[PDB]
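Residue numbers (my numbering), protein chains in the order written: chain A, 1 to 57; chain B, 1001 to 1129; chain C, 2001 to 2056.
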């Protein structure tokens, strides 16, 4: 897709959507209790993250 | 404690309520200020919360709850306030007609402008000089 | 060439310039609205990103 830099500059961008080979680790780094199991949370969370990335693009 | 529901389209509700109850897929949950950090997905259900002066009415679809002892937030792909899940699907269906109409109008405006430009360029060309 | 032909060509070019200017103004308004829509998406994206980061 084209990345909006400015009114004059639009940059063509190649992005690897998934598998998520790397994640930008946040600066806070907490841990939460999981009411489901961890996998039972990730299997629902990750597709939403991919959809959000697609929408932002 | 402070609660907020947001959607990709934008924020929906924002206020400070000391009691919030939600239905997670694994079971019922209830949160009070000072709660431990907990993450749980939410199915299609209400967001019944008590201490906002009166029982406040929030309903979400595709929810996802993250709780902090001083901050509460739920991420929803769709949200409304009537708490009737039939009203949510009714709004979702009604938005489809608006989307189609908006897309058609956007297409037709560009087509009309392009026709005007094409006619002007054709007149310029036939006036070869 | 003929004087009349040059005049006709000038008029046609003026018409094309007007149409292009109107299109540019419409595009500017749509760009402003698109920027507002894009900035409306930040709070959800940052929150879901940090949740994914600290959970995964």
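We treat Cβ as the ideally placed atom computed from N, Cα and C, and that holds for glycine.
Residue j beta carbon less than 8 Å from that of residue i
| i | j | result |
| --- | --- | --- |
| residue 1124 of chain B | residue 2009 of chain C | yes |
| residue 1020 of chain B | residue 1072 of chain B | yes |
| residue 1004 of chain B | residue 1018 of chain B | no |
| residue 1049 of chain B | residue 1006 of chain B | no |
| residue 1031 of chain B | residue 1047 of chain B | no |
| residue 5 of chain A | residue 14 of chain A | no |
| residue 2019 of chain C | residue 1129 of chain B | no |
Outcome for residue i when other beta-carbon atoms lying within 10 angstroms are tallied against a minimum of 16
| i | result |
| --- | --- |
| residue 1080 of chain B | buried |
| residue 1066 of chain B | buried |
| residue 1063 of chain B | buried |
| residue 2048 of chain C | buried |
| residue 1011 of chain B | exposed |
| residue 1041 of chain B | buried |
| residue 2054 of chain C | buried |
| residue 2051 of chain C | buried |
| residue 1108 of chain B | exposed |
| residue 2034 of chain C | exposed |
| residue 2012 of chain C | buried |
| residue 2044 of chain C | buried |
| residue 1022 of chain B | buried |
Nearest-angstrom Cα separation, counted from residue j out to residue i
| i | j | result |
| --- | --- | --- |
| residue 1060 of chain B | residue 23 of chain A | 28 Å |
| residue 1002 of chain B | residue 1054 of chain B | 15 Å |
| residue 1027 of chain B | residue 2037 of chain C | 36 Å |
| residue 1044 of chain B | residue 38 of chain A | 21 Å |
| residue 1112 of chain B | residue 2025 of chain C | 16 Å |
| residue 1121 of chain B | residue 8 of chain A | 26 Å |
| residue 44 of chain A | residue 1101 of chain B | 33 Å |
| residue 1016 of chain B | residue 2016 of chain C | 57 Å |
| residue 2029 of chain C | residue 2021 of chain C | 13 Å |
| residue 28 of chain A | residue 1096 of chain B | 40 Å |
| residue 1083 of chain B | residue 19 of chain A | 36 Å |
| residue 1051 of chain B | residue 21 of chain A | 43 Å |
| residue 46 of chain A | residue 57 of chain A | 17 Å |
| residue 1098 of chain B | residue 30 of chain A | 42 Å |
| residue 2041 of chain C | residue 2031 of chain C | 16 Å |
| residue 25 of chain A | residue 2046 of chain C | 12 Å |
| residue 1119 of chain B | residue 1126 of chain B | 11 Å |
8 Å Cβ shell around residue i - same chain, five flanking residues per side excluded
| i | result |
| --- | --- |
| residue 17 of chain A | 50, 53, 54 |
| residue 1078 of chain B | 1007, 1060, 1061, 1062, 1088, 1092 |
| residue 1190 of chain B | Nothing about residue 1190 of chain B can be reported from this structure: the residues present for chain B run from 1001 to 1129 only. |
| residue 1104 of chain B | none |
Beta-carbon proximity list for residue i, same chain, < 7 Å, skipping 5 on both sides
| i | result |
| --- | --- |
| residue 41 of chain A | 34 |
| residue 1037 of chain B | 1067, 1068 |
| residue 1117 of chain B | none |
| residue 1085 of chain B | 1044, 1059 |
Sequence-distant residues of the same chain with beta carbon closer than 6 Å to residue i, five excluded per side
| i | result |
| --- | --- |
| residue 1034 of chain B | 1069 |
| residue 1056 of chain B | 1049 |
| residue 48 of chain A | none |
Along the region 1038-1050 of chain B, where does the CB come closer than 9 Å to a CB of chain A? Name the residues. If you check each beta-carbon in the region 1038-1050 of chain B against every beta-carbon of chain A, the ones closer than 9 Å belong to 1038, 1039, 1040, 1041.
Could you run through the region 1053-1084 of chain B and flag, in chain order, every residue whose CB is less than 7 Å away from some CB of chain C? Per Cβ criterion, the list reads 1066, 1073, 1075.
Taking only beta carbons into account, state which residues of the region 2001-2032 of chain C come closer than 7 Å to chain B, listed in chain order. Cβ proximity to chain B below 7 Å picks out 2001, 2005, 2006, 2008, 2009, 2012, 2013, 2015, 2016, 2019, 2023 from the region 2001-2032 of chain C.
What are the residues in the region 10-35 of chain A lying within 9 Å of chain B by C-beta distance? Hits within the stretch, in order: 30, 31, 32, 33, 34, 35.
Using a beta-carbon distance cut-off of less than 9 Å, what residues from the region 39-55 of chain A approach chain C? Flagged, chain order: 41, 42, 45, 46, 48, 49, 52, 53, 55.
Residues of the region 1096-1118 of chain B with a CB closer than 7 Å to any CB of chain C: list them in chain order, please. Answer in chain order: 1113, 1116, 1117.
Any residues in the region 1010-1034 of chain B with a beta carbon nearer than 9 Å to a beta carbon of chain C? Which ones, in chain order? Going along the region 1010-1034 of chain B in chain order, one finds 1010, 1011 with a Cβ nearer than 9 Å to chain C.
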